[PDB]
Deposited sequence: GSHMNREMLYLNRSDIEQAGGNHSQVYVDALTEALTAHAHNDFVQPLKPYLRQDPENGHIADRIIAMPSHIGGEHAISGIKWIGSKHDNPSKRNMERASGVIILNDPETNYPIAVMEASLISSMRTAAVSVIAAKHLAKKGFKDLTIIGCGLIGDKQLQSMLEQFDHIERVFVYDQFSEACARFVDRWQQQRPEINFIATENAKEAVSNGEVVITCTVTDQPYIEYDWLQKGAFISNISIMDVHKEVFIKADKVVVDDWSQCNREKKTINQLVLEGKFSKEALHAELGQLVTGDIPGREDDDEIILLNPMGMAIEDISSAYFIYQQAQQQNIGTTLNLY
């Protein structure tokens, strides 16, 4: 009969503006993923970059209906990403919540890098690199700083020079004790990063393998940024879901990659079925496609926190 509506402001008020709830949710989500206690159908892409993608899954059940188009910050002064998340009571399959998706999507994706870095980043890394200063990049940086205490330098690059400058400026004001560096190109930023996170909207790869320091960990969030050579030269390659990944497909289609060469799925690192980083020289690549269970678990946790604090707008269905 009733559904709770939670806009971005309600989500922020409920605690969705901090990484810890997303870390807990994904730790739960990825654990269930490693034990196959999920139902995650292949996402259909609705295309007229420019796309709308339905991400349904069961762990709670639900779906993320997130739209995107590149023209947005450029032409219409709107965020690229936008959409809604529906939560369903598995006992009933009736919808129980309608929630804004973009903030949750960005924070959970930031939590992916956090959990992965916990297992894959080198010990006592100090230099963090952020490529792309959009909503994703901002949340990636926010979450890393909240979860890792001794991040000392942050290298930032964005194709948009003003977007990068504005990004660096306000973050330098938020954390005056941390040295934020605005780089002239991607190479400088990547070269100086012990942990590298890609948060761009490109189709063509640019990150070369020799840019990466020994012992570096790269969280390839935006996926397309990384050259094929990194997949074959990295000491360890980690994905979220192998079946989902099949850029890797063509490497498998060609005589260049396979599941046997894959180190682990992210859920296996969490459960401790497979070790993470095993020495300080290893270059490790994370290639997450994003999973619907990550959004549903996150939204569900936030939904509960909102209800406990009586946050949100109650809607009637009939």
> When the deposited sequence is counted from residue 1, which ranges lack any model?
Replying inline: 1 to 5, 54 to 60, 72 to 76, 264 to 267
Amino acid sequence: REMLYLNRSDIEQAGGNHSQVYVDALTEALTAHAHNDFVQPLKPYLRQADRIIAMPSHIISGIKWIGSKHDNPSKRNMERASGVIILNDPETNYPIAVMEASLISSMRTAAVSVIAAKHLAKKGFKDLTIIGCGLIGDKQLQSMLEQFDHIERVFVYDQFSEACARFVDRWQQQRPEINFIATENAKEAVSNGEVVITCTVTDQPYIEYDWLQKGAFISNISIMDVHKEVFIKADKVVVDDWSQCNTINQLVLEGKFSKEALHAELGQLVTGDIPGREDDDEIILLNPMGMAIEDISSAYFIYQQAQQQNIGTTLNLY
From here on, numbers count along this sequence of modelled residues.
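Only the largest set of C-alpha atoms that superpose within 1.5 Å between the two forms is called the rigid core.
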>> Root mean square C-alpha distance from this form after a core fit in 4 other deposited structures of this protein: higher for 264 to 272 or for 65 to 73?
In response: 65 to 73
> So 174 to 182 or 142 to 150, which one's hotter by mean CA B-factor in the entry?
Replying inline: 174 to 182
> As stated in the PDB record, which stretch has the larger average Cα B-factor, 38 to 46 or 267 to 275?
Replying inline: 38 to 46
>> According to the Cα B-factor stored in this entry, which of the following is highest: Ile63, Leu26, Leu285, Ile59?
In response: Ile59
> Say you rank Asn17, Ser9, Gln308, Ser297 by Cα B-factor from the PDB entry; which sits at the top?
Replying inline: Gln308
>> Per the entry's values, where does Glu79 land by CA temperature factor relative to the rest of its chain, in the lowest, middle or highest third?
In response: highest
>> Based on the deposited C-alpha B factors for this chain, I'd like to know if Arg166 is in the lowest, middle or highest third.
In response: highest
>> Based on the deposited C-alpha B factors for this chain, I'd like to know if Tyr157 is in the lowest, middle or highest third.
In response: middle
> Going by what the PDB entry lists, where does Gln204 fall on CA B-factor within its chain: lowest, middle or highest third?
Replying inline: highest
>> Quick check on the deposited entry: does the C-alpha B-factor of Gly137 sit in the lowest, middle or highest third of its chain?
In response: lowest
